[PDB]
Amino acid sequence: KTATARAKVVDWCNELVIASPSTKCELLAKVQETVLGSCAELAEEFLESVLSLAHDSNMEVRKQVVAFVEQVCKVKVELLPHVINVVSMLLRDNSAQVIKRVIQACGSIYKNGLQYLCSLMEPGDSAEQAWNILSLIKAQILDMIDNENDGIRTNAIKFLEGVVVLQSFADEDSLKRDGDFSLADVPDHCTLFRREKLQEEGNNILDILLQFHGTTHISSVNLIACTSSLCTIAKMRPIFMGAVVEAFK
């Protein structure tokens, strides 16, 4: 039933308060399975209790909260506003492993977020506020290709790749991929932001990638990832193929 599913979550949450890191990770997984699956109507009630562990001192625990937040945005995107702040602050984490994980989660979070927010007719102030945190997140990650952790850069590159593809127009020559989404898919009525500003932002993110590509001390891992994303961009959005080929030569 529902009262019994909720009763277990309450017990699981109360144990989170006193559990070991390892067990906290296990209880988060269980709570997620229930409030974001089996009994999804329970999600909002326990959001607070879960988001609280974003402050835990153990990084594995924090990475677990990241997984929970990414899930929230795949299946309960209405709650994106209530979890999007954790995303942004965890991008300022002290652990690189946590940041690399957050950057990864942002790929789907930003995409799902964009698809949701731009679909709302006359979005409220919570929607608008959330859209701003997303804009801030894009900036936070953009600055990270200059981070000193190689892995953080690799992830940032990939994340930026998807924003470019999202914030651009797919033409009749765009490589075909099933999940593709572009500025062309944005409803005409939407007024939360508007095509050209994102298109310009996308163009600029590309400039940074093209630029980063030719930096003398780019790591071999960062070169592959950057080269790869550039090719993907050039294939998904041909309009950029000129600039990409120029960078390659």
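Residues carry their position along the shown sequence, with the first being 1.
Higher mean CA temperature factor, per the PDB entry, when comparing 72-80 with 166-174: 166-174.
Averaged over CA atoms, B-factors in the entry run higher in 119-127 than in the other of 136-144 and 119-127. Among the modelled residues of its chain, residue 239 has a C-alpha B-factor that falls in the highest third according to the deposited record. Per the PDB record, residue ranking by Cα B-factor puts residue 30 in the middle third of the chain. When the modelled residues of the chain are ordered by their C-alpha B factor, residue 220 lands in the middle third. In this PDB entry, residue 49 carries a Cα temperature factor that places it within the middle third of its chain's modelled residues.
For residue 36, the recorded CA temperature factor ranks within the middle third of the chain's modelled residues.
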